[PDB]
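This document starts with one chain, in the form deposited in one PDB entry, laid out as structure tokens.
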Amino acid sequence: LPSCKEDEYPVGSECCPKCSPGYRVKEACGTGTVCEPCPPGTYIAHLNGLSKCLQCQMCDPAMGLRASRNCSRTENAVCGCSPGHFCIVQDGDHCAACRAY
């Protein structure tokens, strides 16, 4: 009847622990869950009840964008502007669009 805790997600009639950041679900609990590392070029930054990780953002310099932070398992890559450009469309720290000076 009561909800799973935050570290938990629902499986069948059970409430099973989530995988730590950088990990995807290998097999559900039944015992807790057995979490296994994100594959290369993917990540997850929060606790995870998924069997998939998130694809990393990449930075295409043919659009005047350069990686300001690299993609790890616990954090996504963040894009910045390549020289000669300034950012015109943002999402916090990630620049999604550049204009030439």
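Only the largest set of C-alpha atoms that superpose within 1.5 Å between the two forms is called the rigid core. For every residue, the number given is its place in the sequence shown, counted from 1.
The modelled chain breaks between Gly30 and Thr31, where 1 to 3 residues of the deposited sequence lack coordinates.
When all modelled residues of the chain are sorted by CA temperature factor, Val34 is found within the highest third.
Ranked by C-alpha B-factor against the other modelled residues of its chain, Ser20 falls in the middle third. The PDB entry assigns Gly12 a C-alpha temperature factor belonging to the lowest third of its chain's modelled residues. Per-chain ranking of the deposited C-alpha B factor places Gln57 in the lowest third. For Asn48, the recorded CA temperature factor ranks within the lowest third of the chain's modelled residues.
Below, we turn to the form solved in complex with a partner chain, even though it does not appear here.
Mapping the unseen interface onto this chain, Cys87 counts among the residues with a heavy atom inside 4.5 Å of the partner chain in the deposited complex. Put simply, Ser72 is far from the partner chain in the deposited complex: not one heavy atom of it is within 4.5 Å. In the deposited complex, the partner chain sits beyond 4.5 Å of every heavy atom of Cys15. Although the partner is absent here, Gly32 sits far enough away that none of its heavy atoms falls within 4.5 Å of the partner chain in the deposited complex. Comparing the forms between this form and the one not shown on their rigid core, the Cα displacement of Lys18 stays under 2 Å. Core-superposed comparison between this form and the one not shown: CA of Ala77 displaced by less than 2 Å. Between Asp91 and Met63, the C-alpha separation shrinks by 3 Å or more in the deposited complex, relative to the conformation displayed.
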